[PDB]
Amino acid sequence: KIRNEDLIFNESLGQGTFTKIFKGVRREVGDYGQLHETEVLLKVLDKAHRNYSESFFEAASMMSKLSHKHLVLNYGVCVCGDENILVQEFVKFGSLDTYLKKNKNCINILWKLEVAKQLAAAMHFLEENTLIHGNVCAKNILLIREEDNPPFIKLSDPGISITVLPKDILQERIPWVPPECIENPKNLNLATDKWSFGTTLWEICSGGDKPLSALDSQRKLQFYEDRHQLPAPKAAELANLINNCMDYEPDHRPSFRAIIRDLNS
Ligand SMILES: Nc1nc(Nc2ccc(S(N)(=O)=O)cc2)nc(Oc2ccc3[nH]ccc3c2)n1
C-alpha cells in the first residue's frame with residue numbers, strides 16, 4: 001500500500017486493456033533504513049472502466065502470493081485518490097514482442113529456445129500451484145537482461161480476466177484466447193495457458209508478427225469454427241510444439257513438464 005506522495009509519474013509507455021502505462025519513480029525506505037528512489041512501472045486503470053477494478057488487482061495479487069525468479073515483482077498498489085495503480089518493478093528492456101521486431105536480424109534458435117524454456121519453467125511452476133495466468137503472450141514476457149550468459153525473462157501479470165471481459169475484446173485476442181473460452185469464457189482452465197503458450201512460441205518464432213492480424217474479428221471467429229491452425233513460421237523449428245500446444249481438445253494439450261522435455265530435445 002504505497003502513498004500517492006511517494007510516487008512520481010513520468011513518461012507514458014502506452015496502454016494495456018483498460019489500463020494506462022507509465023514509467024515512474026518511487027521514494028522508499030529500503031533495507032538498513034537507507035533511502036531509495038526506485039524506477040517503477042505504473043499501471044493505471046482508466047476511470048472510465050472502474051467496473052473492472054477488482055478483477056485486475058485480484059489478478060496481480062493472486063500471482064504475487066507466489067515468488068519465483070521468472071514471475072514479475074509487484075511492489076504494491078496505490079489507492080491514489082480517484083485511481084487504482086499497480087506499482088511494479090521496471091524491467092530494463094521491456095516487452096518481448098517489441099524486442100523481437102527491433103532485434104529480429106540478431107535472434108537465433110538458441111536464443112529462442114532459452115526464452116521458451118524459461119517461459120515453460122514459469123508456466124510449470126504455475127501449473128504445479130494450480131494457478132491460471134490467462135493472458136500468456138509475447139507482450140507479457142519481460143526481458144530482464146540481454147544475451148551476451150543467456151537472456152533472462154519474467155512473465156508479467158495477466159491483467160483483467162477474460163472471464164469478465166467484453167466478448168469483442170475476447171474475439172480480438174484470438175488466437176491467444178483458446179477456442180473453448182470463445183465458446184464460454186467461464187471455460188477458463190489450466191489447459192487455457194497451454195494453448196496461449198503455443199501462440200506465444202509462434203510470436204517468438206515470427207520476429208514479433210501477430211498471428212491472424214490480417215483477419216478482422218468475424219474472420220477470427222470463423223478461423224476457430226473451421227478448426228484451422230496457425231501457419232508454420234519460416235523458422236519452423238518449434239512448429240510441431242506450437243501445433244501440439246494449440247490443440248482444439250483442451251484435455252489433449254501436453255503438461256508443461258512434457259513441453260519442457262520436448263524443448264530440451
Ligand atoms: N514491468 C514492465 N517493465 C517495462 N519496462 C520497459 C518499458 C519500455 C521500455 S522502452 N522500449 O520504451 O525503452 C523499456 C522498459 N515495461 C513493461 O511493459 C508492460 C509489459 C506488459 C504489459 N501488459 C499490459 C501492460 C503492460 C506493460 N512492464
Side-chain angles (χ1 to χ4, degrees), residues 12-17 21 23 41 70 72 90-91 93-100 103 107-109 111 114-116 118-123 133-138 140-148 150-159 169 171 173-178 192-217 219-220 223-224 228-233 235-247 253-254 256 259-260 262-265:
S12 143
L13 293 170
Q15 51 197 57
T17 301
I21 313 303
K23 184 169 192 181
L41 191 293
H70 284 314
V72 66
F90 188 79
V91 171
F93 296 98
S95 281
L96 205 65
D97 66 324
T98 294
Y99 190 87
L100 297 154
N103 290 230
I107 283 168
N108 62 17
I109 170 67
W111 185 103
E114 259 300 310
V115 167
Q118 289 179 36
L119 182 54
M123 301 312 298
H133 189 270
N135 199 9
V136 185
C137 58
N140 284 334
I141 299 159
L142 319 164
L143 184 65
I144 292 283
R145 64 160 200 260
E146 293 189 283
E147 169 180 54
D148 190 344
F152 197 93
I153 63 90
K154 291 191 182 184
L155 181 61
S156 195
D157 63 291
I169 304 294
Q171 288 186 195
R173 292 188 174 182
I174 292 174
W176 290 272
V177 169
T192 283
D193 290 332
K194 305 175 165 79
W195 176 284
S196 315
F197 173 89
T199 308
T200 302
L201 294 186
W202 189 100
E203 295 186 87
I204 291 167
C205 287
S206 289
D209 301 343
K210 296 302 185 304
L212 312 191
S213 59
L215 293 183
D216 70 2
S217 283
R219 285 165 156 172
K220 286 182 172 209
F223 174 98
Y224 281 175
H228 290 301
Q229 306 288 335
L230 292 184
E237 290 85 2
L238 290 178
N240 289 338
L241 186 62
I242 287 160
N243 295 346
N244 287 341
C245 287
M246 307 182 72
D247 195 306
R253 300 170 194 156
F256 281 101
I259 291 169
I260 296 173
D262 266 6
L263 290 166
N264 287 331
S265 75

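Counting begins at 1 with the first residue of the sequence. Atoms considered below: every heavy atom in the structure, side chains included; atoms not considered: hydrogens, waters and symmetry mates.
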For [X] and [Y], which heavy atoms make the closest approach, and how far apart are they?
| X | Y | result |
| --- | --- | --- |
| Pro175 | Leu230 | CG-CD2, 4.0 Å |
| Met123 | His133 | CE-CB, 4.5 Å |
| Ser156 | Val72 | CA-CG1, 3.6 Å |
| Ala232 | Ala239 | CB-CB, 3.7 Å |
| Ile144 | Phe93 | O-CD1, 3.8 Å |
| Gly198 | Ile242 | O-CG1, 3.6 Å |

Please confirm whether the backbone N or O of [Y] pairs with a side-chain atom of [X], one donor and one acceptor, at under 3.5 Å?
| X | Y | answer |
| --- | --- | --- |
| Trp202 | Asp209 | no |
| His70 | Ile153 | yes |
| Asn140 | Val136 | no |

Contact between [X] and [Y] at the side-chain level, heavy atoms closer than 4.5 Å - yes or no?
| X | Y | result |
| --- | --- | --- |
| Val91 | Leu41 | no |
| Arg173 | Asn135 | yes |
| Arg253 | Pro178 | yes |

Original post:
Between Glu203 and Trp176, is a side chain to side chain donor-acceptor pair (under 3.5 Å) present by the stated rule, with each step listed?
Top reply: CA-CA 10 Å; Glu203 295 186 87; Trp176 290 272; 2.8 Å; yes
For the [atom1] atom of [X] and the [atom2] atom of [Y], what is their distance to the nearest 0.5 Å?
| X | Y | atom1 | atom2 | value |
| --- | --- | --- | --- | --- |
| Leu263 | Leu238 | CG | CG | 6.5 Å |
| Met246 | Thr200 | CE | OG1 | 9.0 Å |
| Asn108 | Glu147 | CG | CD | 6.0 Å |
| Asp97 | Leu143 | CG | CG | 11.5 Å |
| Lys154 | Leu142 | NZ | CG | 8.5 Å |
| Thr199 | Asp193 | OG1 | CG | 11.0 Å |

Original post:
When you check the gap from the basic side-chain N to the acidic O, do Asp247 and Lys194 get nearer than 4.0 Å?
Top reply: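 Result for this pair is no, no salt bridge flagged.
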Original post:
Hey, what's the ring geometry for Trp111 with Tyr99, parallel, tilted or perpendicular (30° and 60° as the breaks)?
Top reply: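 Because their plane-to-plane angle is under 30°, the rings of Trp111 and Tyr99 count as parallel.
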